[PDB]
$ cat input.cif   # mmCIF, N, CA and C atoms
data_upload
#
loop_
_atom_site.label_atom_id
_atom_site.label_comp_id
_atom_site.auth_asym_id
_atom_site.auth_seq_id
_atom_site.Cartn_x
_atom_site.Cartn_y
_atom_site.Cartn_z
N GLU A 1 -108.49 -30.73 61.15
CA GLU A 1 -107.86 -32.04 60.73
C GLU A 1 -108.35 -33.17 61.59
N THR A 2 -108.80 -34.30 61.08
CA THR A 2 -109.23 -35.35 61.99
C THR A 2 -108.00 -36.00 62.62
N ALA A 3 -108.21 -36.78 63.71
CA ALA A 3 -107.06 -37.38 64.38
C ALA A 3 -106.38 -38.34 63.42
N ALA A 4 -107.15 -39.07 62.60
CA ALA A 4 -106.53 -40.00 61.67
C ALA A 4 -105.68 -39.30 60.62
N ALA A 5 -106.14 -38.18 60.04
CA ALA A 5 -105.42 -37.42 59.04
C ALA A 5 -104.15 -36.79 59.61
N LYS A 6 -104.19 -36.33 60.87
CA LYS A 6 -102.99 -35.73 61.49
C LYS A 6 -101.91 -36.78 61.69
N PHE A 7 -102.28 -38.03 62.02
CA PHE A 7 -101.29 -39.12 62.16
C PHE A 7 -100.66 -39.37 60.77
N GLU A 8 -101.48 -39.45 59.70
CA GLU A 8 -100.88 -39.72 58.40
C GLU A 8 -99.90 -38.62 57.99
N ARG A 9 -100.25 -37.35 58.21
CA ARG A 9 -99.39 -36.26 57.84
C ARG A 9 -98.12 -36.28 58.71
N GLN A 10 -98.23 -36.54 60.03
CA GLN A 10 -97.00 -36.53 60.81
C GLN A 10 -96.12 -37.76 60.72
N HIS A 11 -96.65 -38.94 60.41
CA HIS A 11 -95.83 -40.13 60.47
C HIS A 11 -95.76 -40.97 59.22
N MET A 12 -96.62 -40.79 58.21
CA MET A 12 -96.47 -41.71 57.08
C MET A 12 -95.56 -41.24 55.95
N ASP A 13 -94.62 -42.07 55.51
CA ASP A 13 -93.78 -41.70 54.36
C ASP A 13 -93.65 -42.95 53.52
N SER A 14 -94.72 -43.41 52.88
CA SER A 14 -94.67 -44.60 52.07
C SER A 14 -94.02 -44.33 50.73
N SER A 15 -93.59 -43.11 50.45
CA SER A 15 -93.03 -42.91 49.10
C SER A 15 -91.59 -43.36 49.05
N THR A 16 -90.90 -43.50 50.17
CA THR A 16 -89.53 -43.97 50.23
C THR A 16 -89.45 -45.21 51.12
N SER A 17 -88.47 -46.04 50.81
CA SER A 17 -88.25 -47.28 51.56
C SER A 17 -87.43 -47.08 52.82
N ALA A 18 -86.76 -45.92 52.83
CA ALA A 18 -85.94 -45.53 53.96
C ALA A 18 -85.33 -44.14 53.68
N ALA A 19 -84.88 -43.49 54.74
CA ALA A 19 -84.18 -42.25 54.76
C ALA A 19 -82.80 -42.52 54.05
N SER A 20 -82.63 -41.76 53.02
CA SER A 20 -81.68 -41.52 52.00
C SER A 20 -80.33 -40.94 52.43
N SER A 21 -80.44 -39.81 53.14
CA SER A 21 -79.32 -39.06 53.61
C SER A 21 -79.58 -38.45 54.98
N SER A 22 -78.51 -37.82 55.46
CA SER A 22 -78.66 -37.19 56.74
C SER A 22 -79.55 -35.98 56.67
N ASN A 23 -79.97 -35.43 55.54
CA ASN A 23 -80.88 -34.29 55.60
C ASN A 23 -82.35 -34.63 55.52
N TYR A 24 -82.66 -35.91 55.41
CA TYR A 24 -84.04 -36.36 55.31
C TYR A 24 -84.93 -35.71 56.36
N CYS A 25 -84.55 -35.70 57.65
CA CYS A 25 -85.41 -35.15 58.68
C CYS A 25 -85.63 -33.65 58.52
N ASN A 26 -84.56 -32.93 58.14
CA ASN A 26 -84.73 -31.46 58.01
C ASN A 26 -85.73 -31.18 56.93
N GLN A 27 -85.69 -31.92 55.84
CA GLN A 27 -86.63 -31.75 54.75
C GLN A 27 -88.05 -32.19 55.09
N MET A 28 -88.21 -33.40 55.66
CA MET A 28 -89.56 -33.89 55.97
C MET A 28 -90.20 -33.17 57.11
N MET A 29 -89.46 -32.77 58.16
CA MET A 29 -90.13 -32.07 59.24
C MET A 29 -90.71 -30.76 58.70
N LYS A 30 -89.98 -30.16 57.75
CA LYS A 30 -90.48 -28.90 57.20
C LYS A 30 -91.65 -29.12 56.27
N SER A 31 -91.58 -30.02 55.31
CA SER A 31 -92.68 -30.22 54.40
C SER A 31 -93.96 -30.77 55.01
N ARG A 32 -93.88 -31.38 56.20
CA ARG A 32 -95.12 -31.91 56.82
C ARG A 32 -95.63 -30.90 57.84
N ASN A 33 -95.05 -29.70 57.76
CA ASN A 33 -95.43 -28.59 58.61
C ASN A 33 -95.23 -28.81 60.09
N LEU A 34 -94.16 -29.49 60.49
CA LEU A 34 -93.92 -29.75 61.91
C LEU A 34 -92.93 -28.76 62.51
N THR A 35 -92.55 -27.80 61.67
CA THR A 35 -91.59 -26.78 62.16
C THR A 35 -92.30 -25.41 62.13
N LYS A 36 -93.56 -25.41 61.73
CA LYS A 36 -94.40 -24.25 61.58
C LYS A 36 -94.30 -23.23 62.69
N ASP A 37 -94.79 -23.47 63.90
CA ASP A 37 -94.70 -22.43 64.93
C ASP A 37 -93.61 -22.67 65.94
N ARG A 38 -93.21 -23.94 66.02
CA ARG A 38 -92.14 -24.36 66.93
C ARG A 38 -91.42 -25.52 66.25
N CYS A 39 -90.34 -25.97 66.86
CA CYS A 39 -89.70 -27.15 66.26
C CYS A 39 -90.22 -28.35 67.06
N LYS A 40 -90.95 -29.23 66.41
CA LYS A 40 -91.40 -30.44 67.13
C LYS A 40 -90.06 -31.14 67.47
N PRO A 41 -89.81 -31.46 68.73
CA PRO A 41 -88.56 -32.06 69.14
C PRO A 41 -88.27 -33.44 68.66
N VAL A 42 -89.27 -34.28 68.65
CA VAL A 42 -89.10 -35.69 68.23
C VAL A 42 -90.22 -36.13 67.30
N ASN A 43 -89.97 -36.84 66.24
CA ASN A 43 -91.02 -37.33 65.36
C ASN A 43 -90.57 -38.55 64.63
N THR A 44 -91.33 -39.62 64.38
CA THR A 44 -90.91 -40.79 63.62
C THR A 44 -91.69 -40.92 62.33
N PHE A 45 -91.05 -41.23 61.25
CA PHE A 45 -91.71 -41.46 59.97
C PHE A 45 -91.68 -42.95 59.66
N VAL A 46 -92.75 -43.52 59.15
CA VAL A 46 -92.88 -44.94 58.85
C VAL A 46 -92.89 -45.15 57.35
N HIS A 47 -91.95 -45.96 56.86
CA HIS A 47 -91.78 -46.22 55.44
C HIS A 47 -92.47 -47.53 55.06
N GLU A 48 -93.76 -47.65 55.17
CA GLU A 48 -94.52 -48.86 54.85
C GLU A 48 -95.84 -48.33 54.30
N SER A 49 -96.56 -49.20 53.60
CA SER A 49 -97.83 -48.69 53.05
C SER A 49 -98.77 -48.33 54.19
N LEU A 50 -99.69 -47.41 53.96
CA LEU A 50 -100.67 -47.02 54.94
C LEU A 50 -101.46 -48.23 55.42
N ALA A 51 -101.81 -49.18 54.57
CA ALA A 51 -102.56 -50.37 54.90
C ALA A 51 -101.82 -51.26 55.87
N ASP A 52 -100.49 -51.32 55.69
CA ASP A 52 -99.71 -52.13 56.60
C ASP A 52 -99.64 -51.49 57.97
N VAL A 53 -99.64 -50.17 58.06
CA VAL A 53 -99.57 -49.48 59.34
C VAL A 53 -100.95 -49.54 60.01
N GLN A 54 -101.98 -49.42 59.20
CA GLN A 54 -103.34 -49.49 59.75
C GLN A 54 -103.56 -50.90 60.30
N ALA A 55 -102.98 -51.93 59.72
CA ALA A 55 -103.20 -53.30 60.20
C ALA A 55 -102.67 -53.54 61.61
N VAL A 56 -101.78 -52.61 62.07
CA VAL A 56 -101.17 -52.77 63.39
C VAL A 56 -102.22 -52.67 64.47
N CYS A 57 -103.32 -52.01 64.23
CA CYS A 57 -104.41 -51.86 65.21
C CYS A 57 -105.17 -53.15 65.55
N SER A 58 -104.82 -54.20 64.86
CA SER A 58 -105.35 -55.53 64.96
C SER A 58 -104.24 -56.50 65.31
N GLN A 59 -103.09 -56.04 65.78
CA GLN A 59 -101.99 -56.89 66.17
C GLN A 59 -101.79 -57.02 67.64
N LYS A 60 -100.63 -56.89 68.26
CA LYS A 60 -100.49 -57.12 69.70
C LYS A 60 -100.84 -55.94 70.58
N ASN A 61 -101.92 -56.10 71.34
CA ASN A 61 -102.43 -55.10 72.28
C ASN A 61 -101.52 -54.95 73.45
N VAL A 62 -100.99 -53.77 73.74
CA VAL A 62 -100.08 -53.49 74.83
C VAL A 62 -100.50 -52.16 75.45
N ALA A 63 -100.01 -51.86 76.63
CA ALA A 63 -100.27 -50.58 77.27
C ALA A 63 -99.38 -49.50 76.55
N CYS A 64 -100.01 -48.32 76.50
CA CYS A 64 -99.41 -47.10 75.97
C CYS A 64 -98.53 -46.57 77.11
N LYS A 65 -97.59 -45.71 76.80
CA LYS A 65 -96.69 -45.16 77.80
C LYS A 65 -97.48 -44.43 78.89
N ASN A 66 -98.64 -43.92 78.55
CA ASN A 66 -99.50 -43.20 79.47
C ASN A 66 -100.41 -44.14 80.25
N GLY A 67 -100.32 -45.45 80.14
CA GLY A 67 -101.17 -46.35 80.89
C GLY A 67 -102.43 -46.66 80.16
N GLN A 68 -102.82 -45.96 79.10
CA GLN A 68 -104.05 -46.34 78.40
C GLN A 68 -103.83 -47.73 77.79
N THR A 69 -104.87 -48.49 77.48
CA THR A 69 -104.59 -49.78 76.88
C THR A 69 -105.08 -49.94 75.45
N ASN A 70 -105.06 -48.86 74.66
CA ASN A 70 -105.47 -48.95 73.25
C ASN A 70 -104.22 -48.87 72.38
N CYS A 71 -103.08 -49.38 72.77
CA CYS A 71 -101.84 -49.36 72.01
C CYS A 71 -101.58 -50.74 71.42
N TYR A 72 -100.92 -50.87 70.28
CA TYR A 72 -100.71 -52.13 69.59
C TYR A 72 -99.33 -52.18 69.02
N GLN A 73 -98.59 -53.27 69.20
CA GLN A 73 -97.25 -53.40 68.70
C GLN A 73 -97.25 -54.22 67.41
N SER A 74 -96.49 -53.77 66.40
CA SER A 74 -96.54 -54.55 65.15
C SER A 74 -95.83 -55.88 65.42
N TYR A 75 -96.34 -56.96 64.85
CA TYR A 75 -95.67 -58.30 65.03
C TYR A 75 -94.29 -58.39 64.39
N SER A 76 -94.12 -57.73 63.25
CA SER A 76 -92.89 -57.64 62.49
C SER A 76 -92.22 -56.27 62.66
N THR A 77 -90.99 -56.17 62.15
CA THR A 77 -90.24 -54.91 62.17
C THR A 77 -90.67 -54.14 60.90
N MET A 78 -90.51 -52.81 60.98
CA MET A 78 -90.87 -51.97 59.84
C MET A 78 -89.71 -50.96 59.63
N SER A 79 -89.60 -50.42 58.44
CA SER A 79 -88.53 -49.46 58.18
C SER A 79 -88.94 -48.12 58.79
N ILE A 80 -88.19 -47.50 59.65
CA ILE A 80 -88.63 -46.24 60.22
C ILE A 80 -87.45 -45.26 60.23
N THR A 81 -87.78 -43.97 60.37
CA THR A 81 -86.81 -42.92 60.48
C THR A 81 -87.18 -42.10 61.71
N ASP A 82 -86.25 -42.01 62.64
CA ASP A 82 -86.42 -41.23 63.83
C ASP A 82 -85.75 -39.86 63.60
N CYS A 83 -86.46 -38.78 63.92
CA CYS A 83 -86.01 -37.41 63.71
C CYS A 83 -86.03 -36.76 65.07
N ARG A 84 -84.87 -36.29 65.49
CA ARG A 84 -84.70 -35.68 66.82
C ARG A 84 -83.97 -34.38 66.67
N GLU A 85 -84.49 -33.34 67.30
CA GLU A 85 -83.88 -32.01 67.20
C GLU A 85 -82.51 -32.04 67.84
N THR A 86 -81.54 -31.34 67.31
CA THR A 86 -80.19 -31.36 67.89
C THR A 86 -80.14 -30.33 69.01
N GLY A 87 -79.14 -30.51 69.87
CA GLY A 87 -79.01 -29.59 71.02
C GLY A 87 -78.76 -28.19 70.42
N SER A 88 -78.25 -28.16 69.20
CA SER A 88 -77.98 -26.88 68.56
C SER A 88 -79.25 -26.22 68.03
N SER A 89 -80.21 -26.90 67.44
CA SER A 89 -81.43 -26.40 66.88
C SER A 89 -82.19 -25.30 67.58
N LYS A 90 -82.66 -24.22 66.92
CA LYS A 90 -83.46 -23.20 67.63
C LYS A 90 -84.41 -22.50 66.65
N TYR A 91 -85.70 -22.52 66.98
CA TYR A 91 -86.73 -21.95 66.12
C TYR A 91 -86.37 -20.53 65.73
N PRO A 92 -86.56 -20.14 64.51
CA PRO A 92 -87.14 -20.96 63.49
C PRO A 92 -86.18 -21.80 62.69
N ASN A 93 -84.91 -21.82 63.11
CA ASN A 93 -83.98 -22.68 62.33
C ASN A 93 -83.87 -24.05 63.03
N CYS A 94 -84.83 -24.92 62.70
CA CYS A 94 -84.87 -26.24 63.36
C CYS A 94 -83.90 -27.19 62.70
N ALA A 95 -83.11 -27.93 63.45
CA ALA A 95 -82.15 -28.85 62.84
C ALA A 95 -82.42 -30.22 63.49
N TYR A 96 -82.40 -31.28 62.74
CA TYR A 96 -82.70 -32.60 63.26
C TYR A 96 -81.62 -33.59 62.90
N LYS A 97 -81.45 -34.60 63.71
CA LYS A 97 -80.52 -35.70 63.48
C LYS A 97 -81.41 -36.82 62.98
N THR A 98 -81.09 -37.47 61.89
CA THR A 98 -81.83 -38.53 61.24
C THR A 98 -81.30 -39.91 61.64
N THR A 99 -82.17 -40.82 62.07
CA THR A 99 -81.73 -42.18 62.37
C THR A 99 -82.70 -43.14 61.70
N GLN A 100 -82.21 -43.95 60.75
CA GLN A 100 -82.95 -44.93 60.01
C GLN A 100 -82.78 -46.28 60.74
N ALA A 101 -83.85 -47.05 60.83
CA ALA A 101 -83.79 -48.35 61.51
C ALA A 101 -84.99 -49.21 61.13
N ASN A 102 -84.92 -50.53 61.41
CA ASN A 102 -86.04 -51.41 61.17
C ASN A 102 -86.51 -51.84 62.59
N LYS A 103 -87.65 -51.43 63.06
CA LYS A 103 -88.03 -51.80 64.43
C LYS A 103 -89.53 -52.05 64.50
N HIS A 104 -90.02 -52.59 65.61
CA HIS A 104 -91.47 -52.81 65.71
C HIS A 104 -92.04 -51.44 66.05
N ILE A 105 -93.24 -51.10 65.66
CA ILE A 105 -93.76 -49.79 66.03
C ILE A 105 -94.92 -50.05 67.03
N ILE A 106 -95.22 -49.05 67.85
CA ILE A 106 -96.33 -49.09 68.79
C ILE A 106 -97.22 -47.86 68.53
N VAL A 107 -98.47 -48.04 68.19
CA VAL A 107 -99.40 -46.98 67.89
C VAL A 107 -100.67 -47.09 68.74
N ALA A 108 -101.33 -45.97 69.02
CA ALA A 108 -102.58 -45.89 69.75
C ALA A 108 -103.65 -45.83 68.66
N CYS A 109 -104.67 -46.67 68.76
CA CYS A 109 -105.73 -46.69 67.78
C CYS A 109 -107.05 -46.21 68.37
N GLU A 110 -107.93 -45.69 67.53
CA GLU A 110 -109.23 -45.23 67.94
C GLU A 110 -110.15 -45.12 66.70
N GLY A 111 -111.42 -44.96 67.02
CA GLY A 111 -112.49 -44.79 66.11
C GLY A 111 -113.07 -45.93 65.36
N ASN A 112 -113.86 -45.59 64.34
CA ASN A 112 -114.45 -46.61 63.47
C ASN A 112 -114.43 -45.99 62.08
N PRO A 113 -113.60 -46.49 61.21
CA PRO A 113 -112.72 -47.63 61.49
C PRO A 113 -111.66 -47.29 62.52
N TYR A 114 -111.17 -48.29 63.17
CA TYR A 114 -110.17 -48.20 64.23
C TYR A 114 -108.82 -48.14 63.53
N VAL A 115 -108.25 -46.95 63.59
CA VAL A 115 -106.99 -46.70 62.90
C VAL A 115 -106.03 -45.99 63.83
N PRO A 116 -104.77 -45.88 63.40
CA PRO A 116 -103.78 -45.19 64.22
C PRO A 116 -104.06 -43.69 64.39
N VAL A 117 -103.96 -43.16 65.63
CA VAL A 117 -104.14 -41.75 65.93
C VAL A 117 -102.94 -41.17 66.68
N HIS A 118 -102.05 -42.03 67.24
CA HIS A 118 -100.85 -41.56 67.89
C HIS A 118 -99.71 -42.58 67.71
N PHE A 119 -98.49 -42.05 67.68
CA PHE A 119 -97.29 -42.91 67.52
C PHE A 119 -96.71 -43.01 68.94
N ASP A 120 -96.77 -44.19 69.58
CA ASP A 120 -96.30 -44.24 70.97
C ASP A 120 -94.82 -44.44 71.10
N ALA A 121 -94.28 -45.42 70.37
CA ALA A 121 -92.86 -45.74 70.45
C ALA A 121 -92.51 -46.75 69.36
N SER A 122 -91.24 -47.04 69.23
CA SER A 122 -90.69 -48.02 68.32
C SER A 122 -89.82 -48.90 69.24
N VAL A 123 -89.74 -50.18 68.94
CA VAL A 123 -88.91 -51.02 69.86
C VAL A 123 -87.99 -51.85 68.98
#
$ encode --input "input.cif" --output "structure tokens"
Amino acid sequence: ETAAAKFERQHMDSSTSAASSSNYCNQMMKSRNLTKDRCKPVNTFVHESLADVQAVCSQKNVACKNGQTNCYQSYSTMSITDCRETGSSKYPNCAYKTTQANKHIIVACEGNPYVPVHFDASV
């Protein structure tokens, strides 16, 4: 999987405008194969077109949590869903708490074309 394709599979959900119900995370973490060998503890889904998320790589340049400087903050807020494993969750029965919000996103970009390859944070 290329780095760009793995970001789309783990974080893009342009088919919905927002998380619907409290089971959204349990369903999406499973269908995007993030519960496959372990339960990915934290993951964010972005409800905007791929083009709008790719445009973030040309917006506000900021440092990544790791100190690298190829991170970019979106100028506007975007609809996002934060999925966090519950203290109860245990592989293979992964359980997640769903939180829907509109926030700025921060992504790490790379390559040519320069597109998102990691989701750093939401603010």
$ resolve_selection --input "input.cif" --expression "the PyMOL selection byres ((chain A and resi 55-65) around 8)" --output "list in words"
residues 49, 50, 51, 52, 53, 54, 66, 67, 68, 69, 70, 71, 72, 73, 74, 75, 105, 106, 107, 108, 109, 110, 114, 115, 116, 120 and 121 of chain A
$ resolve_selection --input "input.cif" --expression "the PyMOL selection byres (((chain A and resi 2-8 and name CA) around 8) and name CA)" --output "number ranges by chain"
A: 1, 9-12, 115-119
$ write_last_selection --input "input.cif" --atoms "N, CA and C atoms" --output "short mmCIF file (atom, residue, chain, number, x, y, z; two decimals), in the frame of the given file"
data_model
loop_
_atom_site.label_atom_id
_atom_site.label_comp_id
_atom_site.auth_asym_id
_atom_site.auth_seq_id
_atom_site.Cartn_x
_atom_site.Cartn_y
_atom_site.Cartn_z
N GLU A 1 -108.49 -30.73 61.15
CA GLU A 1 -107.86 -32.04 60.73
C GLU A 1 -108.35 -33.17 61.59
N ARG A 9 -100.25 -37.35 58.21
CA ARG A 9 -99.39 -36.26 57.84
C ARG A 9 -98.12 -36.28 58.71
N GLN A 10 -98.23 -36.54 60.03
CA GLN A 10 -97.00 -36.53 60.81
C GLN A 10 -96.12 -37.76 60.72
N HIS A 11 -96.65 -38.94 60.41
CA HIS A 11 -95.83 -40.13 60.47
C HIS A 11 -95.76 -40.97 59.22
N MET A 12 -96.62 -40.79 58.21
CA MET A 12 -96.47 -41.71 57.08
C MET A 12 -95.56 -41.24 55.95
N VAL A 115 -108.25 -46.95 63.59
CA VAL A 115 -106.99 -46.70 62.90
C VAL A 115 -106.03 -45.99 63.83
N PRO A 116 -104.77 -45.88 63.40
CA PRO A 116 -103.78 -45.19 64.22
C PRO A 116 -104.06 -43.69 64.39
N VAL A 117 -103.96 -43.16 65.63
CA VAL A 117 -104.14 -41.75 65.93
C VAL A 117 -102.94 -41.17 66.68
N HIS A 118 -102.05 -42.03 67.24
CA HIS A 118 -100.85 -41.56 67.89
C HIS A 118 -99.71 -42.58 67.71
N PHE A 119 -98.49 -42.05 67.68
CA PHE A 119 -97.29 -42.91 67.52
C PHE A 119 -96.71 -43.01 68.94
#
$ resolve_selection --input "input.cif" --expression "the PyMOL selection byres ((chain A and resi 18) around 6.5)" --output "number ranges by chain"
A: 16-17, 19-20, 47, 79-80
$ atom_distance --input "input.cif" --atom1 "atom N of residue A:88" --atom2 "atom C of residue A:14"
29.2 Å
$ residues_around --input "input.cif" --residues "residue A:42" --least-positions-apart "6" --cutoff "6 Å" --atoms "all atoms listed in the file" --output "PyMOL selection string"
chain A and resi 83-85
$ atom_distance --input "input.cif" --atom1 "atom C of residue A:102" --atom2 "atom C of residue A:77"
5.0 Å
$ closest_residue --input "input.cif" --among "A:45, A:29, A:39, A:113" --to "residue A:93" --atoms "all atoms listed in the file"
A:39
$ atom_distance --input "input.cif" --atom1 "atom N of residue A:94" --atom2 "atom N of residue A:25"
11.9 Å
$ select_by_dssp --input "input.cif" --residues "chain A" --states "helix (DSSP H, G or I)" --output "short mmCIF file (atom, residue, chain, number, x, y, z; two decimals) with N, CA and C atoms, keeping the file's coordinate frame"
data_model
loop_
_atom_site.label_atom_id
_atom_site.label_comp_id
_atom_site.auth_asym_id
_atom_site.auth_seq_id
_atom_site.Cartn_x
_atom_site.Cartn_y
_atom_site.Cartn_z
N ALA A 3 -108.21 -36.78 63.71
CA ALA A 3 -107.06 -37.38 64.38
C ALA A 3 -106.38 -38.34 63.42
N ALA A 4 -107.15 -39.07 62.60
CA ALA A 4 -106.53 -40.00 61.67
C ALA A 4 -105.68 -39.30 60.62
N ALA A 5 -106.14 -38.18 60.04
CA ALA A 5 -105.42 -37.42 59.04
C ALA A 5 -104.15 -36.79 59.61
N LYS A 6 -104.19 -36.33 60.87
CA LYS A 6 -102.99 -35.73 61.49
C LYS A 6 -101.91 -36.78 61.69
N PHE A 7 -102.28 -38.03 62.02
CA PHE A 7 -101.29 -39.12 62.16
C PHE A 7 -100.66 -39.37 60.77
N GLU A 8 -101.48 -39.45 59.70
CA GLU A 8 -100.88 -39.72 58.40
C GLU A 8 -99.90 -38.62 57.99
N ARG A 9 -100.25 -37.35 58.21
CA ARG A 9 -99.39 -36.26 57.84
C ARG A 9 -98.12 -36.28 58.71
N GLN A 10 -98.23 -36.54 60.03
CA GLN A 10 -97.00 -36.53 60.81
C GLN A 10 -96.12 -37.76 60.72
N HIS A 11 -96.65 -38.94 60.41
CA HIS A 11 -95.83 -40.13 60.47
C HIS A 11 -95.76 -40.97 59.22
N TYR A 24 -82.66 -35.91 55.41
CA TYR A 24 -84.04 -36.36 55.31
C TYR A 24 -84.93 -35.71 56.36
N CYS A 25 -84.55 -35.70 57.65
CA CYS A 25 -85.41 -35.15 58.68
C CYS A 25 -85.63 -33.65 58.52
N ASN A 26 -84.56 -32.93 58.14
CA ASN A 26 -84.73 -31.46 58.01
C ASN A 26 -85.73 -31.18 56.93
N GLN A 27 -85.69 -31.92 55.84
CA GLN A 27 -86.63 -31.75 54.75
C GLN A 27 -88.05 -32.19 55.09
N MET A 28 -88.21 -33.40 55.66
CA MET A 28 -89.56 -33.89 55.97
C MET A 28 -90.20 -33.17 57.11
N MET A 29 -89.46 -32.77 58.16
CA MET A 29 -90.13 -32.07 59.24
C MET A 29 -90.71 -30.76 58.70
N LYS A 30 -89.98 -30.16 57.75
CA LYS A 30 -90.48 -28.90 57.20
C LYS A 30 -91.65 -29.12 56.27
N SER A 31 -91.58 -30.02 55.31
CA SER A 31 -92.68 -30.22 54.40
C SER A 31 -93.96 -30.77 55.01
N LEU A 50 -99.69 -47.41 53.96
CA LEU A 50 -100.67 -47.02 54.94
C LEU A 50 -101.46 -48.23 55.42
N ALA A 51 -101.81 -49.18 54.57
CA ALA A 51 -102.56 -50.37 54.90
C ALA A 51 -101.82 -51.26 55.87
N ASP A 52 -100.49 -51.32 55.69
CA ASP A 52 -99.71 -52.13 56.60
C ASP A 52 -99.64 -51.49 57.97
N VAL A 53 -99.64 -50.17 58.06
CA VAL A 53 -99.57 -49.48 59.34
C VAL A 53 -100.95 -49.54 60.01
N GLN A 54 -101.98 -49.42 59.20
CA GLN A 54 -103.34 -49.49 59.75
C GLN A 54 -103.56 -50.90 60.30
N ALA A 55 -102.98 -51.93 59.72
CA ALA A 55 -103.20 -53.30 60.20
C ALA A 55 -102.67 -53.54 61.61
N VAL A 56 -101.78 -52.61 62.07
CA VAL A 56 -101.17 -52.77 63.39
C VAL A 56 -102.22 -52.67 64.47
N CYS A 57 -103.32 -52.01 64.23
CA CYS A 57 -104.41 -51.86 65.21
C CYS A 57 -105.17 -53.15 65.55
N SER A 58 -104.82 -54.20 64.86
CA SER A 58 -105.35 -55.53 64.96
C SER A 58 -104.24 -56.50 65.31
#
$ axis_aligned_box --input "input.cif" --around "stretch 105-113 of chain A" --padding-each-side "6 Å" --output "AutoDock Vina command-line options"
--center_x -103.8 --center_y -47.9 --center_z 65.5 --size_x 33.2 --size_y 18.3 --size_z 20.5
$ closest_residue --input "input.cif" --among "A:26, A:34, A:13, A:76" --to "residue A:96" --atoms "all atoms listed in the file"
A:26
$ closest_residue --input "input.cif" --among "A:91, A:101, A:15, A:23" --to "residue A:37" --atoms "only C-alpha atoms"
A:91
$ select_by_dssp --input "input.cif" --residues "chain A" --states "strand (DSSP E or B)" --output "PyMOL selection string"
chain A and resi 12+42-46+60-62+71-73+78-85+90+93+96-103+105-110+115-122
$ closest_residue --input "input.cif" --among "A:48, A:122, A:38, A:104" --to "residue A:90" --atoms "only N, CA and C atoms"
A:38
